[PDB]
Structure formats: structure tokens, C-alpha cells
């Protein structure tokens, strides 16, 4: 049926008119499948026949459903969408099973032909005009328009959701002790009523829905566990994901690998320890989806590691508001991090991973802070509060970080957990110059129009060095000069540069970088025992800085 709900008024973007697009061909089974529903949608009043002074058209086709014996109908409204007003989408996120509490009675329902039961604004219907082909050379097609929300229009999902929200509103307020998760047309209904009274309330809900024109077919009315919901299986005490099947190929293409990385990301929400770094690395620099990419040795290992993790069965548990949330993180290497969230030991609510490189130059402490922030945000979304953290970083390490780092930074209440490899600062710049250490006045000069440069140093004990640089930048020669001073100095060194650029990078104590030059500098900072790094202004005749600049000419 069609809901007696008031329509949502809709507009075209100012200045624009409706779509005018001729039809294309389709098959045996996708013209009967449409005429079967088109003449049937018309008998139900979903569509009306129109004619030639409606100047608009939009092509039509169909697509299979997981029903499989049923067909879904879709209209290529791409151009009408471009000319339809903007909408503010009300679906703000995806519900997750780890956010559910244990319920003594659970039901999952779906609405049948849900879009086709919400009416469309009267004045907008003429823009939804289409033509049904009938094997194409047969006949000139019949013209219809939509009286309900069509599948494929930009406005239909949001107008449906809002319409569903208004309809459920009376039932929710009258029954606050009943949890209703509303995702599109799928209704999860859990309660603490014994099953007798629970089915009473369900039948009450279904009857309210039907008065407003929403059917709930038996086919989609799950009454018993396990419940299939949002891609998961809901058991009384635990939940699983539906089986994740990974591609296995002799020859991989870029697109195959893109598919594989996506499945593993989806798996990481409950499978601990999933990694995708080495497999995603193959996607870099590639220039075609059909391009065959050979797996590197590291990618095969990572792939095999992931396959061993997925071979073992796993489950999440449900949320107990009477206990705290606990987040624990582990370092995995090359900027990869995995975590588990739980309330009792060895019973995960969910897992996840963080593996983004933010910025050209960073360290493990920064990334650990970003992992904590991602987890903290996820926790607000699912449970409405942040968790207590268990971090593999010592208190002295963190304390040293936020005192010698100039940006404000913070981590919530956390407890140190000894799960090596630990997060540490890999070197620390000395706060004051080192007595006995040699002093290097470094400088690097490049010419912007040439591409050629020089880097070098002079020294209080007496060393000088100039190396020519080819195809370099101003900033590279400055890093190059610092690189040489670390190269030629002992375990303790004082360095004075005139590049705020280079000082800024190094003073942040990076332990990884996208630049091989900065990585070379980092490897040398770690090998040293004491390093002091000082800045002076260039071109002011300051002794030491002046003569090295005098030399790099």
C-alpha cells in the first residue's frame, strides 16, 4: 500500500529543468520483469501513465536481488539527480553489533517494497518520466511517472528514512523499554519482556506500521537466533560476521588487490592482527585497474599471515553498561597498529586497526596518539563514552615527549602494558651544548634556476667539506649538510644550521619519513649518543655560519 503520510516537498536546483534522455535496449527477462511490475505498480497506484506533453524522460533497466527469484527495478536518474536540490542526509553512521546490550527476546523485521510505499511530492512527479522498451525494435514504449519514491533518485533514501522516523515515533515513546534499531527499512527489536509479551508488542508494532502503509512480510520476519543483521549473525551471548571469502588467484591485477585489501579491512573489526601495508604498497604508482601486479615477497608473507588469522573462528560479545570499556593497542611495525576493545579479559567487543601515515615525517608516539584518537572517536560513536586505555608506552617516555615537544598534546587515563615491542623515543636532542663535542657549522646552498647545489660544513676543531649536489632544492641541500655533519662526527656532536626548515623537522624527533634523505638522517641520529642542534640567522656574518656560507658560495 501507499502511506497516507504527507509528502516531502522537493525542488529542482534554481535555473534548471528536468531530464530529457532517450531509452536504451534490454533483454527478455528484464522487460517482462518490469512490465510484470509496471502494470502491477500501476494497479497499486505506484506509477501513472503519461504522454507527450510531458517533455521529460529518463532511461530504465532492472537488477537482480538477493531474493534472486525476485527482480529489482532501477531507473538511471543520474541527470535528474544532478538537477535535483541538495538534501541533508540523516543517516549519520552505521550501527555496530558491539554496541548492542544482551536482550532476552529479539526480533528482526523488514518492510516490503519500502520506497514504493512513500508517496512523492505531486509537483515533482513529472520529472520522473520514463519509457518502457519491450525488446526495443518491437514497439514505441509506454510512458509512466512515479507517484512514490523511485529507486535510483537522489532524494528517496533520505525522504524514506525521515518518513520511517515519523512513523516509528509514536511507538518508540509509548514503549521506551524496547530497543528499536532502525536502519533503512530493517528493524531490530529487542526487549527484556518474556517472549509472550514480546510477541504481543511486535504484533502491535507490525499493525501500527500497516495502518501507515508499511507491510512486514513473513519472509523477512526472523523470530529465532541466529539473527542475520547488517552483515552479522546475532547469537544470545555472542556475535559473528558472515563468512569472509578472500580472492585466491594465480595472477593478481590492481583491481584484485584493491578487492583483497577491502575484505581484510572489513575483517579487522573482529579479527585481531590483520595487516594490509605490504599489500596496499603494490597499488602505488600503478596506472590501470587491469594492470597485472606481481606480489612482492613481503606481500605474500602478509597475505599468508592474514589467511592464518581468518582460518580460526572468532566472535564479539555484547555491551555491558555496568562495566568500563578497555582499549588495548599493540604496535605491529612500519606504522601499523591493531587494537582490541573489551570489558572482561579475553572477550573482545571488537577489534580494529590504524595504519595511516599523516604527514611526511612522524614518529611512533605521534601515531600512537592518533590511534588513541581514532579509538576514542569510535568509542563515542558506538557506546557514547571513551574507554580506559592500556598502552605499550612507559610513563617516562610519554613524559619526555610532551615536555620537549612544542605542540600541546594529551592522552586520557591509561595504564602501561608490557607487550613488546614498546613505543619509545628513538633519540633525544640535547637541551644544552655538549662540552668536549666537536662543533659543526653546516650550510647548504642550491640555485633555484640551476638545479645544482652544494652542501658542506666547517669545524672548530678543523674539518671542512663541500660536496656538489645535482638535481636538488634549497631545502634538500640544507638537509644534506646536516647529513654530512652527522656522517663525519663522533658519537657526540654540536651542529649549527641556518635553516628553520631543517631544524623544525629534526626537532620533532621523527623516527620515519617518506623522504629517503630524512630517513638517512634519522638512522644517524639514533646511532649517536648526544646531539645538540642550534639555529642562527643566515647572512649576518656570525662566526662559523659565515665561513661555511663563504665556502658553499
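Residue numbers count along the first chain shown, from 1.
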- Quick one: higher average CA temperature factor, 447-455 or 238-246? 447-455
- Note on the structure: As the entry reports it, the stretch among 190-198 and 349-357 with higher mean C-alpha B factor is 190-198
- Specify which of 503, 493, 521, 62 carries the largest Cα B factor in the deposited PDB entry. 62
- The largest CA temperature factor among 373, 362, 470, 330 is found at 470
- Task: Divide the modelled residues of the chain into thirds by Cα B-factor and specify which third, lowest, middle or highest, holds residue 512.
- Result: lowest
- residue 474: which third of its chain by C-alpha temperature factor? highest
- Which third, lowest, middle or highest, does the CA B-factor of residue 422 fall in along this chain? lowest
- Position of residue 261 among the chain's modelled residues by C-alpha B-factor, lowest, middle or highest third: lowest
- Going by what the PDB entry lists, where does residue 432 fall on CA B-factor within its chain: lowest, middle or highest third? highest
